[PDB]
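There is one chain below, alone, in structure tokens, taken in the form deposited in one PDB entry.
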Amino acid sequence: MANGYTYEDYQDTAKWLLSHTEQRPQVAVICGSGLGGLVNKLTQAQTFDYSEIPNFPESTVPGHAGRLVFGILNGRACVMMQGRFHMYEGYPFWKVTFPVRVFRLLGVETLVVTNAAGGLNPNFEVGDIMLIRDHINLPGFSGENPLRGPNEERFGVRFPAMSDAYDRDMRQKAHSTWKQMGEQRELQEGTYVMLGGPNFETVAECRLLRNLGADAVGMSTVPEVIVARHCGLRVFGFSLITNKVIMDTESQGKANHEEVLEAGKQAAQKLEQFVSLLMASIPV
């Protein structure tokens, strides 16, 4: 069955949030695996567990708290998803992307998406931050898309373009901000490739993904960007490179979830600082 949410379901949820907080966010942030710490910088924060918000799904993955937090971050009013949804949990893309449309109805204009990703580009090192300049939607190639089914004209057009999904102006700002931080390592930039999961990749799959032109691999984000662009939200996002993908059969180890979470904590002070500074000029 295609999207089971009607336009009214989104507004009902939006009305409920508006009726339970005085906060009116302009920016929305989605926190990935081991990135839930970004919420700690919010002032005047109000938290809502996903389970208490009508129509909201629930995050079942370790490293995803499952809480919507409103607050002020470096002067800008924003709402953060401390934990997100993935298709490997059993969620159809229309459930995975529910919050994005609700955000649009709350008056939000900018969406910031983050995630933990495996590094495909050889020049990447664990701990690197990669600005997502583009993506490759593998599930979309087969028809698995959050927009499949009747189009809701109240959100956007039937055939939205994706060539300009990641805002160019925001990416320039990200680079200027990084230089101001005095970081020794350069801010990376590249293409993110999404696949279903939940298992980690084989050596053969990784070589293929790299040869397709991808720099980092992950199991989320893309469906949210698609829905976000469909409804006209400005999108900006980045991947925290938590591990280097195994490219040789002499497997000197293998990817594991705790290592990615561990990496998130490791890069906590850096990402939070970066996101906090980025708030200045979103624009508005």
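In this text, the rigid core denotes the largest set of C-alpha atoms whose superposition between the two forms falls within 1.5 Å. Note that residue numbering follows the sequence shown and begins at 1.
There is another form of this protein, the form deposited in another entry, and it is not shown here; the text below is about that form.
Problem - Post core alignment: residue 260 C-alpha displaced by 2 Å or more between the shown form and the other one - result: Yes, the C-alpha position differs by at least 2 Å between the shown form and the other one.
Exercise for the section: Based on a C-alpha change of 3 angstroms or more, tell me if residue 261 and residue 50 lie closer or farther in the other entry than in the shown form. Expected result: Relative to the displayed form, residue 261 and residue 50 move farther apart in the other entry - a change of at least 3 Å between their C-alphas.
Problem - in the other entry, shift in Cα separation for residue 60 relative to residue 258, 3 Å or more - result: Farther: residue 258 and residue 60 separate by 3 Å or more in the other entry.
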